[PDB]
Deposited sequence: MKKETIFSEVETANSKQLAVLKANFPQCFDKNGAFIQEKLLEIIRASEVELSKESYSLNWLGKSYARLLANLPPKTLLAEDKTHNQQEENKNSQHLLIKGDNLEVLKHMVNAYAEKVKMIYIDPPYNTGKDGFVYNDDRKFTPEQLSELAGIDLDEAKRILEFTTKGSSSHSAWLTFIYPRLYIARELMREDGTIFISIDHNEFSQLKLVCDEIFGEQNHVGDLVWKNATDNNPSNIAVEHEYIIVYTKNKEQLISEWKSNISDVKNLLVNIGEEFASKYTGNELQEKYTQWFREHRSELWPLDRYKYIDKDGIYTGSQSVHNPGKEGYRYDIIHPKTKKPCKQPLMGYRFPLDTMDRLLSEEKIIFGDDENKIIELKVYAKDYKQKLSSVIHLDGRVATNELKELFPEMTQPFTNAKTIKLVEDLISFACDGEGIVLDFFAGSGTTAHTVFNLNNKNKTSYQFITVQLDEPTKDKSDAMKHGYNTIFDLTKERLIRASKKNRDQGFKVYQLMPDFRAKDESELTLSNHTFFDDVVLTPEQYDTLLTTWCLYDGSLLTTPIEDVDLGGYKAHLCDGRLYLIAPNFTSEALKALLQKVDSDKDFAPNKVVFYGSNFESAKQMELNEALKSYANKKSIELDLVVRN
């Protein structure tokens, strides 16, 4: 009934609590009993692993503490933005501030609700300006107890965290509590996709095992995204996407259903069951194709048909850049050897004969180089682990929204990548979270999918008000932080996508009478904290004075001078509050309220809480 938000935590506080609460048999008056937990494991037919390995880093216990620590900030709304015609009825959210603190506020209302996560965290190249920075000021004695480590070990860690470091340990201390929280927000079937490069791929993989468990590893994608012609040993032209899940609850297969032209060509392929002989099937299809050709983009080169469906021709028979396999192919009609590719074939003779059996080879009218049949039914049939998509288009996408700026953002991801991942992993519904917004690519992709593909996704994106580099394009154009640039990108991307809009929220410092802003800050903070989504409306209640607020059957009395107490007692419908939260700084009137509400709860219950 009496609560002060936000309570001290350690590196095992919450973990050690869950164990006592769920396994009281395994705890003695005293410490843990190994044999009792081992007895419960052997019973559920679970074997004992021979595994004994770890990636230890400097700041591991520190990272473990920050994961357990409660928020040290408050939450406010940007009411100027969220009252604009386009943005008021929106289900999409853009949050300002440190992602770790934003994720910690979200736990209470969003736990086990996120369908997909996509993040582009700092790669920690030797030139992205990555350093570990905290805005925390613990004493070595505080860290020693909370950690718990010794005073000298505690001193070593704070020396490290304030240094600030660009090392693997610095990067891991930073990443660990962000993924640890994000995992709590994701549904059991929910997926996390993480962009990374050679700098932290091994470290990322191992920390995800420590956070999700290796059995929940879906796989790793290589995004072959650029060309590099600088003289080196290896010409590095790819990047990585580590994918994990919350796996026993995950769908057996991922399939993209974003192409209406594929489905059309699949339907039209089958549909032509009436015509069987050829050229008659190719007579009837060509006639149809010549008319509908332009309505088929990007599948508009699929001019042929056979018993198995519509297909196109592929020049992928030759060996690229290298000499291949030399053999002869005899033309089925001219009975002469076919024109050989300048670099020979991609595949040996034995392979070529098997494709010629399955009639997967296209010949010219003459003995013209052969081609391969590529069917429309097959078009985006799988999520290959190697993605060939030139990330230069990010510049095109951004130059379109910001024609005034030469280079708006340093190294931005393409919509085309995020678009693809969402479409295979999801089925047009759920929350899509990006707590490393940057340019705002994820959010923009959600605007695009719901607009063209008619999907029902909600985006939640987080970005830190990190200053714009002095003298840069953003700075020159008046963009003081990266957040001001992100916000604007989402504003311009909304105008181009039927004005779906988005709401804005921002982290606030914590804290003798209140100011009005401070009053709005506690209200927004309390409603999220109590388990209400930031899209749930906070109805204003006027009990004589008053001025109360109701959110999901929870009544708030922050305002001072509460008399009026009989107005709340009278409700009449639709009013039915099962919880009463009122600001503690605003005794007998308080004792009377708890006394009256107990007498009003029969029949039939309405509780009470005295907050801060």
Inset, instruction - Return the ranges of the deposited sequence not covered by C-alpha coordinates, sorted by sequence position. - result: 1, 8, 31, 250, 372, 517 to 534, 587 to 588, 597 to 599, 615 to 616, 635 to 636
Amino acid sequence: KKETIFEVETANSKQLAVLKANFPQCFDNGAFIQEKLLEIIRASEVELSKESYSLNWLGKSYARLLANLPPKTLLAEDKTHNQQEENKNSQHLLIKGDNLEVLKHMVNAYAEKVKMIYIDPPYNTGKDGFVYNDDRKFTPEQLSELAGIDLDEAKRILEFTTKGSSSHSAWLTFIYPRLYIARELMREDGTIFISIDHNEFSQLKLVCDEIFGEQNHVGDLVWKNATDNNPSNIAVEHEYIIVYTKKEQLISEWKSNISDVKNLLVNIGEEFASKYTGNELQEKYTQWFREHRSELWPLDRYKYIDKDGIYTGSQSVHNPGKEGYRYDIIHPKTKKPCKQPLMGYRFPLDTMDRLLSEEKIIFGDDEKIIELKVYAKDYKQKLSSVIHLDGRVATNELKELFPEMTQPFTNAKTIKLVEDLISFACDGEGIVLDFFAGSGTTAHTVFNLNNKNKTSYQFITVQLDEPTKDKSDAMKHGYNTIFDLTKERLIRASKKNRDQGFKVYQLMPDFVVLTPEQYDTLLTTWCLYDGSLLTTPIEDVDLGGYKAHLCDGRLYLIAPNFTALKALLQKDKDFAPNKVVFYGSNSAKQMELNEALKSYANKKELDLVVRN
From here on, numbers count along this sequence of modelled residues.
Legend entry - Between 450 to 458 and 430 to 438 (mean CA B-factor, as deposited), the higher: 450 to 458
Legend entry - Given 136 to 144 and 236 to 244, the range whose Cα B-factors average higher in the PDB entry: 136 to 144
Legend entry - Identity of residue with top Cα B-factor, from 287, 480, 195, 215: 287
Legend entry - Member of 184, 188, 397, 271 with the greatest C-alpha B factor (per the PDB record): 271
Legend entry - Cα B factor band for residue 570 (lowest, middle or highest third within the chain): highest
Legend entry - Third of chain Cα B-factors occupied by residue 445: lowest
Inset, instruction - Quick one: classify residue 538 as lowest, middle or highest third of the chain based on its Cα B-factor. - result: highest
Inset, instruction - Going by the recorded CA B-factors, say which third of the chain residue 278 sits in, lowest, middle or highest. - result: highest
Legend entry - CA B-factor ranking of residue 389, expressed as a third of its chain: lowest
